[PDB]
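A.B. asks: Below you'll find the structure I mean.
What follows draws every value from the coordinates through simple rules; no lab data is involved. Neighbour counts run over all protein chains shown; Cβ positions are idealised from the backbone, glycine included.
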Amino acid sequence: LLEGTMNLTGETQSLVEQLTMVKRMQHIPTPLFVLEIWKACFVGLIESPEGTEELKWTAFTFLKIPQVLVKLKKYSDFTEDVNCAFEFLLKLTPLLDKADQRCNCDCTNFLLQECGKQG
Amino acid sequence: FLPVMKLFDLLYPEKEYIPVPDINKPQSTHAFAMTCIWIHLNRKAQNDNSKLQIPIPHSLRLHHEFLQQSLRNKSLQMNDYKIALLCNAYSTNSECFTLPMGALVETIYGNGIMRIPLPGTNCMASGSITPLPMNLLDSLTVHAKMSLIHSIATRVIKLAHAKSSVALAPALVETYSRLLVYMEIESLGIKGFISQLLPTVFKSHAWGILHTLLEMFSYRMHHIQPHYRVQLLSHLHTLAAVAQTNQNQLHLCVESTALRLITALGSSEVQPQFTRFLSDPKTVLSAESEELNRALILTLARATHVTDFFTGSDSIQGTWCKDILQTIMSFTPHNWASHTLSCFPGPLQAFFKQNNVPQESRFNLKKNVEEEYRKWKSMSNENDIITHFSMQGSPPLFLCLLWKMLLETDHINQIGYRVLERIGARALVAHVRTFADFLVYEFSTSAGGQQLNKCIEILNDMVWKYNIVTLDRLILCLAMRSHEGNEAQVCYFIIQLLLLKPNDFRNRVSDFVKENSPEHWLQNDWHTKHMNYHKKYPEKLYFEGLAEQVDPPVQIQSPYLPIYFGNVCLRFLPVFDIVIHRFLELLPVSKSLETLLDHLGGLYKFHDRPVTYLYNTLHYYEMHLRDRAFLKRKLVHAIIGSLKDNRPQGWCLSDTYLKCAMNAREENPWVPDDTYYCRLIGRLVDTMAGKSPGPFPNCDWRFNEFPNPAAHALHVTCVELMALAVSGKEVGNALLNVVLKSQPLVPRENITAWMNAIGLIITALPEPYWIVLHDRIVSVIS
C-alpha cells in the first residue's frame, strides 16, 4: 500500500527486493503471498477515493503487478500455487462485490484475460 | 461560597461600570443574576454581619444601585422583567419577597375578580384565565418558585377544607399543570403533593378539588412515572370505595382516567411493575366492573405477543401471569371469543381454555324482561315500580322497558326517571353491560328495513336528547361482546350505524377539531374556547335531557362540578380505539372500518399517543392485516392527515411514502429498491444521535408521548416499515440484502450503528419478519 501512494514512479525491482525479502523474514506460503498480491490490488482499486487518485491507484494495481510477477516466474512451481491462491481468492464475496458497484461490471474477466495476455 | 469572588476574578476581570440594559428578555435575568447573587450574599450577611463583610465591587455597584431602585420601585408586571428581578434578588428575604408576591397571587389565583359561569348550574369559577407563560416559568429562582408553591399550598388548603364558593382560576390550574412537570421541584412536587396536599384534600371531603385534580391529571399530564402511576391507581381505588361516589361525573371522570392510563401503558413495563404490587393484586383490579378488567387483560395481551415473551412456552404456570389472572377471575365473570383468542398468545390461549364463563341464554333474557314488562303495567303506581325495579341485586333489564316505551310512545315517566338516578353510575356499567347484550341479541335476530334506521335514531335519543350517559360507555360495553361469528359482526354493524347515522356527535367532533387544537399549553384562551364549545353543545350529565320528557314536570338543578377540560370526544377516543381493535379482530367487518376512518379521522387530532397505538394496532393484527391490503392502506389515508398540521412537516412520513403509499391501490404496489430502506435506516441512525436541524422536527418532549426524539423516531420508523402490502417474508430479504449483499449509499466505518438500528427494528418486528433468519442461517451453515 505504501508504494502506490506517492513513490510509485520508481522501477520494478525495489518493490521486488522488498516483498520477496519479506517472505524471507516471516514464514509465508506462496499461495497466501499471491492471495495478498491480488487482494491488495482489489483494495487499492475500490478503496481509492474518486478523482485522479482513483485513476492513479487503478493504474498502479493494473500495470505494475504483471511486471513483478513475470520476474517472480523468471526467478521461480509458480503455476500450481496460484491456483490454490485463487481458490482462496474466489471466496471474498461482499468486499469485492462492493467494487463492482463502483466499476459497474465484472473486473474478474478483464484481469483473467490480462493474465492470459501476460502468459 | 467562600472563594467565589476569586471565581469572579477569573470570570469577570473588569474595571468599568456595568450599564443597565433593556429588561424585556427572559435571558436578561441570567445576565442580572450575579447582582442578585451579591445582594443574596448581603442576605447571608443579614445575620452575623460582624464577621468579614465584603465591600461592593466597582463595576457591579451600578446594577446593585439599579436593583436598589427596583426595591424603591412600586410597579412591576410583564411590561419588563423587573418582576423576575424582584422575585430573584429578594427570594431569601422575609418581607421583600411579599411585594412581588402580592402582585402575583392576586392576578392568577382569581381572588374574587370575576365569576365565570361554567357549563351546568351554579359554577362560579374564578376570573383570571391567563397563566404564567413558558419564559416566566424559567426566569425565577428555585427558592422563589418553592416559596410560591408554599404560598399556593397555604391558600388551597384553607380553600379546600372550608369548601368555599371561591373556585380556582383557569390561569392557576394551567400554572399548576405546568409547574409539576419540573423534576427539580419534584421532591416537593407530586411526590410532596400526594404526601401532603392529597391527604389534606382527602380529609377535606370537598369532591370538587378531587375532580379538578383528576381533570388536570387526565387531560393535562403527559409523563407520569409507572410507580407514581400505580400509586395514583391505588389512591383512586381508595378514593372510589368511600365518599359516596354515586354521582355520574365522579364515576365518569375516574373511568375516563383509568381507561386512559390503561391505554397509555406500553409493552415492556408490564413485568417489573407487577411485582411491586404483587403483594396486593386485588386492589389494582376492578371488583365489580368487567370493563376495566377486560381492558387490563387486553393490555397484558398486547404487552406479550408484541414483545414475543410467550414464545418457547405454551402455559401460564410458573410465570407472573397466573396469579394476577387468578385475582382477575374473582367476582367478575367474563366470556371470551374464538376470534379474539386468535390474536392471543399461545400460553394465554392455553389458559383461556379454563376459567371462562359461557354466555347467558337469549330466550330467557327476553322472557324475563317481557315477564316484568307486563308487571310494569300490572299496576302503574310510582313508588312500588320505582322500588321493585331498582334495588341493587335486581336483574338489569330497565333499558328494554324504556325501549318498549319508546318503540311506540317515546315517553319515560317519573318511575323511569327515578330508577336510573337511584341506581347510580357505579352500577350503571353493570347495567349497560347487560343492555349491550340485549342490543347485540336483539339486532342479531332483527329484520332490516325501517326499523334498522329507526332504532339507531331512537338510540341516539338517549345519547343526546335524553342524555342518560356519555356515549363512550355504551359503545365500550358493546365492544367487549365476546360472541362467535354472526353476533360479533352484527354488533360491529350496530356501532357502524351508531357512529354515522346520527350527525350530532359528528357535528361535535367537527366543532372540536376545527375550533380546538391539541397544543393546550400554548393556548392561553383554552378556557374561552372550552366555554364556547360547551355553550354550543350543552353537556347534560345528570339526566337533564331525560328530565324534560317526564310526563309529570320533574327537573334536576344540582350544582355541577368545576369542569375546565372535560368533553365527550376525549372520553370516547379510547373507546374509538378499542372498537377499531374489535373491528380488526374480525374479518368480514373489514370494509366497514374503511368508510369510518375517512369519516371520523378528526378525533385523532387529540390522541395522547396515536403513533404507538397505531404501531401496536398494525403489529398485533399482523396475521389479520397482511391479507387485507386496501384495509391496511386505508389507515394512512385518515389518521396521518389529521395530525399533519399541529405536528410539523415531516413528523411521521417520508417523501416516497407521500408519493406512493396513501395513493389508492392499482394492483401494482411500488416494490422498492434497497436504497429506499437505506433511507429509513439513515433516518433512524441520525435521529438516535440527534441533529440540530433534524430530519424530524423538535417539540416539547416534556409534553409529548416520547421523552426523547429517539423514541419518537423508532415508533414512526416501525410504523412506516411494516405498513406495506408485502408480508413479513420479503421484508427480511430486503433488510438483509441491504447488508448481506453489497449496497450503494451505505458506507463503512459507521455500519455498527446501522446494524444496531436494524437489529432493534427486527426485534420490534413481528414473528414472521425475523423467523426467516432461521431459514437464512440454514443456508449459510450448509
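A.B. asks: Which helices (runs of 4 or more DSSP H) sit wholly inside the range B:154-257 and have at least 1 residues that are under 24 Å from B:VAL568 (Cα atoms) and under 20 Å from the mean Cα position of the chain (by Cα)?
C.D. replies: Hits in the range B:154-257: B:170-179, B:209-218, B:226-240.
A.B. asks: Any residue in the range B:733-759 that is within 14 Å of chain A (Cβ to nearest Cβ) sitting within a Cβ distance under 7 Å of a residue that is assigned to a loop (DSSP other than H, G, I, E, B)? List the pairs, counting only those 6 or more apart or interchain.
C.D. replies: Partner pairs satisfying both residue conditions: B:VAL738/B:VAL746.
A.B. asks: Checking B:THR141 against (1) closer than 17 Å to B:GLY110 by Cα; (2) over 28 Å from the mean Cα position of the chain (by Cα), which test does it fail?
C.D. replies: Looking at each condition in turn, B:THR141 falls short on (1).
A.B. asks: Related question: Test B:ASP461 against the criterion of being in a helix (DSSP H, G or I), under 25 Å from the mean Cα position of the chain (by Cα) and of a type in the set (D, E, K, R), and give yes or no.
C.D. replies: Spelling it out, it is not the case that B:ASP461 is in a helix (DSSP H, G or I), under 25 Å from the mean Cα position of the chain (by Cα) and of a type in the set (D, E, K, R).
A.B. asks: Determine if the range B:370-387 includes at least one residue that is small (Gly, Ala, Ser), buried (at least 20 other Cβ atoms within 10 Å of the Cβ) and more than 34 Å from the chain's Cα centre (by Cα). Quick ask: steps written out before the conclusion?
C.D. replies: Filtering the range B:370-387 for residues small (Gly, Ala, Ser) gives B:378, B:380.
Still in the list and also buried (at least 20 other Cβ atoms within 10 Å of the Cβ): none.
Looking through the range B:370-387, none of the residues is small (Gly, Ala, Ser), buried (at least 20 other Cβ atoms within 10 Å of the Cβ) and more than 34 Å from the chain's Cα centre (by Cα).
A.B. asks: Taking the criterion of being over 30 Å from B:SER558 (Cβ atoms), out of contact with any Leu (no Cβ under 9 Å at 6 or more places or on another chain) and either of a type in the set (A, V, I, L, M, F, W, C) or crowded, with 18+ Cβ neighbours inside 10 Å (or both), would at least one residue in the range B:97-105 satisfy it?
C.D. replies: no
A.B. asks: Consider B:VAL550 carefully, then state whether it is crowded, with 17+ Cβ neighbours inside 10 Å, over 26 Å from B:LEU259 (Cα atoms) and of a type in the set (A, V, I, L, M, F, W, C).
C.D. replies: Answer is yes for this residue.
A.B. asks: Out of (1) within 14 Å of another protein chain (Cβ to nearest Cβ); (2) assigned to a helix (DSSP H, G or I), the odd one out for B:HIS712 is which?
C.D. replies: (1)
A.B. asks: For the condition within 14 Å of chain B (Cβ to nearest Cβ) and over 22 Å from A:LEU2 (Cα atoms), what is the one hit in A:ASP77, A:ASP106, A:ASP81? Can you show your working first?
C.D. replies: Working: A:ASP77 fails: within 14 Å of chain B (Cβ to nearest Cβ); A:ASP81 fails: within 14 Å of chain B (Cβ to nearest Cβ).
None of the others qualify; the one that does is A:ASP106.
A.B. asks: Also, I was wondering about something else. When you go through B:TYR613, B:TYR621 one by one, which is the residue that is within 18 Å of the chain's Cα centre (by Cα) and buried (at least 18 other Cβ atoms within 10 Å of the Cβ)?
C.D. replies: Details: B:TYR621 fails: within 18 Å of the chain's Cα centre (by Cα).
Of B:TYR613, B:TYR621, the one residue that is within 18 Å of the chain's Cα centre (by Cα) and buried (at least 18 other Cβ atoms within 10 Å of the Cβ) is B:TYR613.
A.B. asks: Here is a list of conditions, (1) aliphatic (A, V, I, L, M); (2) closer than 24 Å to A:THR30 by Cβ; (3) under 15 Å from the mean Cα position of the chain (by Cα), and A:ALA99 meets all of them except one; can you say which number that is?
C.D. replies: (2)
A.B. asks: A:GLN113: within 14 Å of another protein chain (Cβ to nearest Cβ), among the polar types (S, T, N, Q), over 20 Å from A:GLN13 (Cα atoms) and not in a loop (DSSP other than H, G, I, E, B), yes or no?
C.D. replies: no
A.B. asks: Looking at B:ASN756, B:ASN733, can you tell me which residue is closer than 15 Å to B:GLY682 by Cα, polar (S, T, N, Q) and out of contact with any helix residue (DSSP H, G or I) (no Cβ under 6 Å at 6 or more places or on another chain)?
C.D. replies: Going through B:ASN756, B:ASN733 in turn, just one is closer than 15 Å to B:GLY682 by Cα, polar (S, T, N, Q) and out of contact with any helix residue (DSSP H, G or I) (no Cβ under 6 Å at 6 or more places or on another chain): B:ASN756.
A.B. asks: So is A:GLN101 touching a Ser or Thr at 6+ places or on another chain (Cβ under 8 Å) and within 14 Å of chain B (Cβ to nearest Cβ) or not?
C.D. replies: yes
A.B. asks: Within the range A:84-97, work out how many residues are part of a helix (DSSP H, G or I), farther than 15 Å from A:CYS41 by Cβ and within 14 Å of chain B (Cβ to nearest Cβ).
C.D. replies: The number of residues fulfilling the criteria is 3.
A.B. asks: So how many residues does the range B:209-225 have that are buried (at least 16 other Cβ atoms within 10 Å of the Cβ) and either more than 23 Å from B:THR175 (Cβ to Cβ) or out of contact with any helix residue (DSSP H, G or I) (no Cβ under 8 Å at 6 or more places or on another chain) (or both)?
C.D. replies: 1
To keep it simple, each residue is scored yes or no on (1) farther than 14 Å from B:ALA757 by Cβ; (2) buried (at least 18 other Cβ atoms within 10 Å of the Cβ); (3) not acidic (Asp, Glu).
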| position | (1), (2), (3) |
| --- | --- |
| B:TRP701 | yes, no, yes |
| B:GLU705 | yes, yes, no |
| B:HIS712 | yes, yes, yes |
| B:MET722 | yes, yes, yes |
| B:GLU730 | yes, no, no |
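A.B. asks: Among the residues of the range B:84-95, what is the count of those that are out of contact with any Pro (no Cβ under 6 Å at 6 or more places or on another chain) and in a helix (DSSP H, G or I)?
C.D. replies: The qualifying residues number 3.
A.B. asks: A further question on this structure: Can you name every one of the helices (runs of 4 or more DSSP H) wholly within the range B:731-782 that holds 3 or more residues which are under 18 Å from B:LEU721 (Cα atoms)?
C.D. replies: Correct list: B:751-764, B:767-770.
A.B. asks: Same structure, new question: Test B:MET531 against the criterion of being surrounded by 19 or more Cβ atoms within 10 Å (Cβ to Cβ) and farther than 25 Å from B:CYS123 by Cβ, and give yes or no.
C.D. replies: In short, no.
A.B. asks: So, one more: Which of (1) surrounded by 15 or more Cβ atoms within 10 Å (Cβ to Cβ); (2) part of a helix (DSSP H, G or I); (3) out of contact with any helix residue (DSSP H, G or I) (no Cβ under 6 Å at 6 or more places or on another chain) does B:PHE630 not meet, given it meets every other one?
C.D. replies: The one condition B:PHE630 does not meet is (1).
A.B. asks: So, one more: B:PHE696 - would you say it is assigned to a loop (DSSP other than H, G, I, E, B), away from chain A (no Cβ under 14 Å) and in contact with a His (Cβ under 6 Å, 6 or more places away or on another chain)?
C.D. replies: Judged against the criteria, B:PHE696 is not a match.
Table: residues versus (1) within 32 Å of the chain's Cα centre (by Cα); (2) farther than 29 Å from B:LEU298 by Cα; (3) in a helix (DSSP H, G or I); (4) not basic (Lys, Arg).
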position	(1), (2), (3), (4)
B:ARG433	yes, no, yes, no
B:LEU439	yes, no, yes, yes
B:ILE468	yes, no, no, yes
B:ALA488	yes, no, yes, yes
